[PDB]
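Read the structure below first, then the notes.
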10 protein chains.
Amino acid sequence: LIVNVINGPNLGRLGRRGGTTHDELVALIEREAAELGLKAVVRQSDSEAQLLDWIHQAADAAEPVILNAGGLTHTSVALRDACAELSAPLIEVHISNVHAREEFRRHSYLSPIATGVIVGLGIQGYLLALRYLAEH
Amino acid sequence: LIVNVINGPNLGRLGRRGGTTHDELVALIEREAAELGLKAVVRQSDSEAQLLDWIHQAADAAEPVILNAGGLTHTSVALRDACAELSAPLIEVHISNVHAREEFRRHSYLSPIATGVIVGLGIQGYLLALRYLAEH
Amino acid sequence: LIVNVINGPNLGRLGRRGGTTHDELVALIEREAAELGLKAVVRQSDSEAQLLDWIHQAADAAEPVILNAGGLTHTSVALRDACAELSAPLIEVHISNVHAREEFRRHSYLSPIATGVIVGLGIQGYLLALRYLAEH
Amino acid sequence: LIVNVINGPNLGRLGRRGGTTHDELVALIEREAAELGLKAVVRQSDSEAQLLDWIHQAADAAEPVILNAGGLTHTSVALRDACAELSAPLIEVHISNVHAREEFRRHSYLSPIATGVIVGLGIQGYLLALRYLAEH
Amino acid sequence: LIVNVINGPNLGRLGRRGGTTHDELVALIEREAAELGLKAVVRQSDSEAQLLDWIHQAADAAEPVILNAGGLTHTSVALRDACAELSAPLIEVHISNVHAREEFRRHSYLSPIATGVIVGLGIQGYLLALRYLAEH
Amino acid sequence: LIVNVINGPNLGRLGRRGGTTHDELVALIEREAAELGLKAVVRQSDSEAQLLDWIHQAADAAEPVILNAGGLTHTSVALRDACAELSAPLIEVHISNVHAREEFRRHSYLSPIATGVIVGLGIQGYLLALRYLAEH
Amino acid sequence: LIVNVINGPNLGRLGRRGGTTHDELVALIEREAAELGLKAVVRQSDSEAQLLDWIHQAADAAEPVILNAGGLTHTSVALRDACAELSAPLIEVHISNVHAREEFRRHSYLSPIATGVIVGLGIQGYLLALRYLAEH
Amino acid sequence: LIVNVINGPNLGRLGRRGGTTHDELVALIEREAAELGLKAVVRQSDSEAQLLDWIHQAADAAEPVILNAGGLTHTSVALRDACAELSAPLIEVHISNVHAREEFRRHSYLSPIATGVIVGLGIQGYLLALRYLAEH
Amino acid sequence: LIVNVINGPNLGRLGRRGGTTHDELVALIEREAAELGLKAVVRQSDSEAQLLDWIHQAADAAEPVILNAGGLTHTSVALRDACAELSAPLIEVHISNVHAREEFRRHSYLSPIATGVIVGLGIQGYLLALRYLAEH
Amino acid sequence: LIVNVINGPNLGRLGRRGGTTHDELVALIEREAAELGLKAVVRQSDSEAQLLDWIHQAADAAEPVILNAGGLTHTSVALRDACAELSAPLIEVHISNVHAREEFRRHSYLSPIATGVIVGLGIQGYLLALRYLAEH
């Protein structure tokens, strides 16, 4: 079973002003996925249109999605509407605790339609979302 | 290393109008904890004073806490202030997706001071919080 | 058929700075219930945990509840969540007109899930709730 | 002693898209009133001016009023100001539970000046208001 | 098939301080309706009670309604509740663009229960609503 | 006279989880336009930058625009500012009734500067906007 | 004359992560009270029901109360309603400056019914409240 | 050690429509200060500029300030910014309980930057602030 | 009987970018007052402290005040508190219609404590306030 | 051409708890103005009435104004109304970035009527406003 891990704007800057980089995150995820018997496809883009295309492809293939949409979490109705079409689980992930920062970060257009949300557990949040999905 | 799992009001009614009961949840947690090399102490109370006493004891022993405070999450400043004393990690857990329900459930007094928050992954949320803590 | 009448915080102070006392209220209710062919069990507590235990017992026995939760009406999500499990009717009662006082008293976490609400009719509000329940 | 029962807009559509009709409601009320030794005058109008005239006549005769103002409950300051002149009791009645519906229905211009409010007990709400008034 | 066109307060002042008058609007609508094979009944009143009576008659006959309620759009819950009974389509029409004016005009109690809303297309809005209804 | 029909994000997913597809919508529009003596150019993009380029080209050519901006309706000030330059009519269209859904969908940055808005009439909303424009 | 000093939730943790402990605070208060010719009864509880019982006993004996309700200051209507019965002075005390912290701490259900409020003067706030009461 | 007591607008009207006058208040303060071994300089002005000059002089001399700014408490950012420069303690005093009056009086621009706030204890509030400062 | 007419900030700029000047306004008022048998004392200041001193002198002499406080109407609690001491009538006057301008101008701290308010009638507002006061 | 530079409350405290003083700022401005061929008149006052008099004199002479009103920026409608009379440019200046501080500092009554606003560039903000004005 294939799981899409989709990272949104500014996530390619991970580790570069907390040192895990985006390439390292990809390697960590693929290794964990292989241990669980899953195939993880990890993609990152700063373009909202590109993220919508990837979600549409996950919706047509009925594949689960682990999404960290970055700043678009708080602002894009178009992203929420694309994610409303998914039929497999959608897990929203944030690396840092979004509730401990500015007040505008406490509102997400994605949380109400996600199956679950994991915030503040660092990069381990992606690995735990994978384990939830492997345990069906 | 000892981990406290503290369940608040109405969580002793789990499975009784989704059938996992609170006794079953305790057994699941203890089994997972033993596999990870941890000892889990699982307690549940409908009394806010009893929850504060348990958090104070976790703060003095410097032990991590996985807390599902039920309805007190949204209403108790006293619980938040007791949890502000903890020095080990605090993970807030909700079984259902609190963001997909009434608007008052989207505000938590605990999230801003927790290390991380896990919502909507069912009872597996407690087992993933344990794994995060076992991986230091 | 058994009806639970549950009074919350400060209701044991009735009549003591309008002179009906809580013991008198109990006698009035039991007398009316007997005239209607019902058995009324009247209980009062200043403890939120004790009120939740009584509601849980009413939910397991499928018995109707007439509840005057006092100040907890406006503040407790935990009480609302316990009352959401009841399968028989739930009537919320307030002795005074809560809409004629401070603005925070006009919001109730219980009204939206109650079958009906009776406010401002004094102690007669409890006796009319009994009559509604006797007339199925 | 005479009691006015005043129904506002859309209440003549009762039972017609829960089958009690407005004529049936009138018969039920008159029968209950006669059993209590009262005379009930039941009137219904979709016109706000007509409702104000009836309230003014109740204010000059010092007679109690049981009012279900329909949608005007939430919107008319003119109705509230006419009802502020009454010297006998004013009971506001709603057949359905107004707190379980849209958020604008939770605000009433009438509740703060009514003696009491009864919501959600169906047509029995009118019969219980009569009993309160018969028991002075 | 009969379509009711109902105009609310101040719409009899059309063209009189943009010169189409209400009589001209009626002629335009009847001519368009005849071309489509429909019969249009156009009525106008400044009285809210009269509008409610006309909507009740449309609800009992199951006929579609094209409604321009004027200022009552923003203020009347009673009108919304009468329109909630209709079983055929309800199209809300505004001649001018209500979103380009005062902020209170951007809220309508009718839009959420209408089948569709047409704003800002002048008198042609009524003719396009007719065409939608003729094309079932 | 040329009319631009511009569809924004997620509108290429029409008919695919109500079965009209985007290709079918294009065919329907071109056929109606030809019957009216107009030429319709229908374009769709999930990219906000691409939509702004198309609006800028409509502004320089002084051509009318029928726009369904999808989720960007509620969130993009940049789209509103590009549309503020148009000199020919701008009709905003929504297929479903945006007022009957989430509260954030009731606010549009486009409505206040559009000539008119058509919501809830399905795909027929685009065909009626064409007819308005053909009747100058 | 007897003065009750009542400390609410988390105040038994004073000095333990500013080193005055709750036992030391009690000794300081009793010593100051004896110098003023008063008897101070100092009690602390994390239980809201226990605090309400102590306030009810102060109301029946007509004794003054110096209250630091901790987090319940901001959340409990039941505590405010018990304190509304007191006939002798009620002084609300906070050790730290509640106005310099989170915005939710700036609202107190107790201040409007207290005789006076003292915030930010550390433990000396309790000793100054005693002096106010000794000077009648 | 010198303590400045600064009274703002309308405080020279004390006792004149509760009979202590401003001259009497000055005498009371000077007497208490002398008993504590302090020198109190008491000044009053209805001019905001004059109050700012006095605060600037207290900031340059590093002297403590007891301030009752009257109505300026709720409205002047300029006064708050002058008081933000003080390095010795700043105690805000109100004679009456500001939380029991109009809602606009519950917001103070000064409280968040003051060391402590004393409200509702009458003129004794100034004497207790002096004692706090004498006990360093 | 003496009437004070007090003009606040920027009112000495009347007629100078509607040509009545402040000197002309004074002459108009004195002439009207003499016709009514009253003596009008007209004063203007841009200083809030000076306005408070004049109101205090009107309060001690029990004389009526016609006040146009300019921008201080919307911002000064200190002015409202000085005016709360007056025992003779207080009429608030605005030359232009304050409700037809910016939204912040629709809130006045003075209106709730004034005997009456006159807005939008130009300079004639002062002359009509005089006539009201002459007719006791 | 003469330019007025007007500094409001607390700006005479510049450099005194970032060391430029107000006298140094005056020297810097006069030197820059002379290099540009302008004459700068720099004045500072803690009195709102004095600032209004200076603005009135700038309005009668049609001279440009560079204003740093300090805390009055956020609170004075009277200052805004005096500045609304200016016919030459009005540049509002803040030395620090007002948007990075408390939320009340993000609202200015002056910005909407100023020609331009410069914030956060330190004392150089005044020198750049001069250059804008020298380049007409």
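Residue numbers start at 1 in each chain; chains themselves are named A, B, ... in the order of the structure tokens; ligands are numbered from 1 in the order shown.
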Point to revise | Near-residue 104 in chain I list (10 Å; only C-alpha atoms; drop same-chain fewer than 3 positions) as a PyMOL selection string | key: (chain I and resi 74-75+98-99+101+107-108) or (chain J and resi 77+109)
Can I get the selection written as an mmCIF file, in the first residue's frame, with N, CA and C atoms?
```cif
data_model
loop_
_atom_site.group_PDB
_atom_site.id
_atom_site.type_symbol
_atom_site.label_atom_id
_atom_site.label_comp_id
_atom_site.auth_asym_id
_atom_site.auth_seq_id
_atom_site.Cartn_x
_atom_site.Cartn_y
_atom_site.Cartn_z
ATOM 1 N N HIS I 74 -15.902 61.135 22.061
ATOM 2 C CA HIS I 74 -15.694 59.708 21.818
ATOM 3 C C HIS I 74 -14.600 59.049 22.634
ATOM 4 N N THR I 75 -13.734 59.802 23.304
ATOM 5 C CA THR I 75 -12.525 59.259 23.900
ATOM 6 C C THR I 75 -12.310 59.530 25.380
ATOM 7 N N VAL I 98 -23.239 63.101 13.450
ATOM 8 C CA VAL I 98 -22.145 62.212 13.806
ATOM 9 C C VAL I 98 -22.463 60.778 13.371
ATOM 10 N N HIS I 99 -23.728 60.426 13.160
ATOM 11 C CA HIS I 99 -24.058 59.059 12.746
ATOM 12 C C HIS I 99 -23.873 58.781 11.278
ATOM 13 N N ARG I 101 -21.058 59.587 9.589
ATOM 14 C CA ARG I 101 -19.621 59.663 9.332
ATOM 15 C C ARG I 101 -18.873 58.400 9.680
ATOM 16 N N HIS I 107 -20.176 56.331 18.800
ATOM 17 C CA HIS I 107 -20.100 56.006 20.196
ATOM 18 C C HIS I 107 -19.704 57.296 20.957
ATOM 19 N N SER I 108 -20.479 57.612 21.969
ATOM 20 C CA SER I 108 -20.225 58.793 22.816
ATOM 21 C C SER I 108 -20.194 58.347 24.269
ATOM 22 N N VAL J 77 -9.053 61.470 18.821
ATOM 23 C CA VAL J 77 -9.870 61.902 17.671
ATOM 24 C C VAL J 77 -9.685 63.397 17.471
ATOM 25 N N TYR J 109 -5.375 56.587 14.435
ATOM 26 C CA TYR J 109 -6.428 57.457 13.952
ATOM 27 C C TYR J 109 -5.873 58.403 12.892
#
```
Applying 12 Å and only C-alpha atoms, which residues near residue 110 in chain C remain after dropping the ones on its own chain fewer than 3 positions away? List them as a PDB file with C-alpha atoms, in the first residue's frame.
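Result file follows (part33.pdb):
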```
ATOM      1  CA  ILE C  66     -34.762  16.820  35.641  1.00  0.00           C
ATOM      2  CA  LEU C  67     -31.527  18.802  36.144  1.00  0.00           C
ATOM      3  CA  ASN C  68     -30.821  22.166  37.733  1.00  0.00           C
ATOM      4  CA  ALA C  69     -27.068  22.336  37.430  1.00  0.00           C
ATOM      5  CA  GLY C  70     -26.652  25.784  39.035  1.00  0.00           C
ATOM      6  CA  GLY C  71     -23.526  27.648  37.862  1.00  0.00           C
ATOM      7  CA  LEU C  72     -22.183  24.525  36.081  1.00  0.00           C
ATOM      8  CA  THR C  73     -24.874  25.060  33.418  1.00  0.00           C
ATOM      9  CA  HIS C  74     -22.790  27.870  31.959  1.00  0.00           C
ATOM     10  CA  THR C  75     -19.284  26.412  32.361  1.00  0.00           C
ATOM     11  CA  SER C  76     -19.033  22.590  32.267  1.00  0.00           C
ATOM     12  CA  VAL C  77     -18.415  20.758  29.013  1.00  0.00           C
ATOM     13  CA  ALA C  78     -17.858  17.573  31.079  1.00  0.00           C
ATOM     14  CA  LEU C  79     -21.420  17.772  32.433  1.00  0.00           C
ATOM     15  CA  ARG C  80     -22.832  18.332  28.914  1.00  0.00           C
ATOM     16  CA  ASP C  81     -20.862  15.302  27.636  1.00  0.00           C
ATOM     17  CA  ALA C  82     -22.230  13.047  30.409  1.00  0.00           C
ATOM     18  CA  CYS C  83     -25.782  14.267  29.697  1.00  0.00           C
ATOM     19  CA  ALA C  84     -25.299  13.595  25.940  1.00  0.00           C
ATOM     20  CA  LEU C  90     -33.550  15.515  29.998  1.00  0.00           C
ATOM     21  CA  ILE C  91     -35.338  18.670  31.223  1.00  0.00           C
ATOM     22  CA  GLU C  92     -33.129  21.596  32.306  1.00  0.00           C
ATOM     23  CA  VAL C  93     -34.691  23.739  35.043  1.00  0.00           C
ATOM     24  CA  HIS C  94     -33.714  27.145  36.472  1.00  0.00           C
ATOM     25  CA  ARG C 106     -27.845  33.496  28.958  1.00  0.00           C
ATOM     26  CA  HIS C 107     -25.522  30.836  27.545  1.00  0.00           C
ATOM     27  CA  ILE C 113     -28.891  18.795  24.156  1.00  0.00           C
ATOM     28  CA  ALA C 114     -31.855  18.912  26.581  1.00  0.00           C
ATOM     29  CA  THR C 115     -35.342  17.806  25.462  1.00  0.00           C
ATOM     30  CA  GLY C 116     -36.775  21.040  27.001  1.00  0.00           C
ATOM     31  CA  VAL C 117     -35.867  23.927  29.299  1.00  0.00           C
TER      32      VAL C 117
ATOM     33  CA  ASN D  97     -36.116  23.514  21.473  1.00  0.00           C
ATOM     34  CA  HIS D  99     -31.410  26.221  21.568  1.00  0.00           C
ATOM     35  CA  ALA D 100     -30.777  23.159  19.413  1.00  0.00           C
TER      36      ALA D 100
END
```
Exercise for review: List the neighbours of residue 88 in chain A out to 7 Å using only C-alpha atoms; skip same-chain residues closer than 3 positions along the sequence, and give me the result as a ChimeraX atom specification.
Suggested key: /A:62-64
Review point. Tell me, which residues of range 1-134 of chain H carry DSSP alpha helix (DSSP H), written as an MDAnalysis selection string?
Key: chainID H and resid 22:36 48:61 72:75 77:83 124:134
Let's have the selection written as a PDB file, in the first residue's frame, with C-alpha atoms.
```
ATOM      1  CA  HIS H  22      -8.322  65.665  48.846  1.00  0.00           C
ATOM      2  CA  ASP H  23      -6.698  67.897  51.541  1.00  0.00           C
ATOM      3  CA  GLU H  24      -7.681  65.346  54.216  1.00  0.00           C
ATOM      4  CA  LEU H  25      -6.323  62.516  52.059  1.00  0.00           C
ATOM      5  CA  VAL H  26      -3.006  64.378  51.822  1.00  0.00           C
ATOM      6  CA  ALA H  27      -2.870  64.775  55.645  1.00  0.00           C
ATOM      7  CA  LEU H  28      -3.733  61.094  56.174  1.00  0.00           C
ATOM      8  CA  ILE H  29      -0.994  59.975  53.766  1.00  0.00           C
ATOM      9  CA  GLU H  30       1.710  62.271  55.207  1.00  0.00           C
ATOM     10  CA  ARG H  31       0.907  61.085  58.735  1.00  0.00           C
ATOM     11  CA  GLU H  32       1.073  57.397  57.770  1.00  0.00           C
ATOM     12  CA  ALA H  33       4.272  57.967  55.789  1.00  0.00           C
ATOM     13  CA  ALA H  34       5.973  59.643  58.771  1.00  0.00           C
ATOM     14  CA  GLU H  35       5.020  56.668  61.003  1.00  0.00           C
ATOM     15  CA  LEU H  36       6.702  54.370  58.449  1.00  0.00           C
ATOM     16  CA  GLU H  48      -2.455  64.892  31.478  1.00  0.00           C
ATOM     17  CA  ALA H  49       0.695  66.845  30.493  1.00  0.00           C
ATOM     18  CA  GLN H  50       1.359  67.753  34.139  1.00  0.00           C
ATOM     19  CA  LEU H  51       0.984  64.103  35.207  1.00  0.00           C
ATOM     20  CA  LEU H  52       3.492  63.036  32.494  1.00  0.00           C
ATOM     21  CA  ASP H  53       6.027  65.649  33.725  1.00  0.00           C
ATOM     22  CA  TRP H  54       5.711  64.327  37.318  1.00  0.00           C
ATOM     23  CA  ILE H  55       6.177  60.715  36.162  1.00  0.00           C
ATOM     24  CA  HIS H  56       9.199  61.712  34.079  1.00  0.00           C
ATOM     25  CA  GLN H  57      10.749  63.314  37.264  1.00  0.00           C
ATOM     26  CA  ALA H  58      10.039  60.131  39.265  1.00  0.00           C
ATOM     27  CA  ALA H  59      11.692  58.048  36.517  1.00  0.00           C
ATOM     28  CA  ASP H  60      14.877  60.201  36.552  1.00  0.00           C
ATOM     29  CA  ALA H  61      15.083  60.083  40.373  1.00  0.00           C
ATOM     30  CA  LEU H  72      -6.956  58.332  32.128  1.00  0.00           C
ATOM     31  CA  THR H  73      -6.337  54.777  33.394  1.00  0.00           C
ATOM     32  CA  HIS H  74      -8.665  53.475  30.701  1.00  0.00           C
ATOM     33  CA  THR H  75      -7.731  55.781  27.805  1.00  0.00           C
ATOM     34  CA  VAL H  77      -1.380  55.240  25.988  1.00  0.00           C
ATOM     35  CA  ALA H  78       0.871  58.290  26.579  1.00  0.00           C
ATOM     36  CA  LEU H  79       0.537  57.865  30.356  1.00  0.00           C
ATOM     37  CA  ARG H  80       1.309  54.119  30.101  1.00  0.00           C
ATOM     38  CA  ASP H  81       4.411  54.896  27.989  1.00  0.00           C
ATOM     39  CA  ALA H  82       5.717  57.418  30.554  1.00  0.00           C
ATOM     40  CA  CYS H  83       5.115  54.912  33.377  1.00  0.00           C
ATOM     41  CA  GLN H 124      -7.121  52.837  52.763  1.00  0.00           C
ATOM     42  CA  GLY H 125      -5.794  51.544  49.406  1.00  0.00           C
ATOM     43  CA  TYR H 126      -3.284  54.408  49.393  1.00  0.00           C
ATOM     44  CA  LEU H 127      -2.162  53.648  52.988  1.00  0.00           C
ATOM     45  CA  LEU H 128      -1.683  49.934  52.246  1.00  0.00           C
ATOM     46  CA  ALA H 129       0.374  50.727  49.103  1.00  0.00           C
ATOM     47  CA  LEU H 130       2.616  52.873  51.364  1.00  0.00           C
ATOM     48  CA  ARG H 131       3.045  49.945  53.782  1.00  0.00           C
ATOM     49  CA  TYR H 132       3.993  47.584  50.948  1.00  0.00           C
ATOM     50  CA  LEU H 133       6.653  50.051  49.822  1.00  0.00           C
ATOM     51  CA  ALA H 134       7.971  50.585  53.399  1.00  0.00           C
TER      52      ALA H 134
END
```
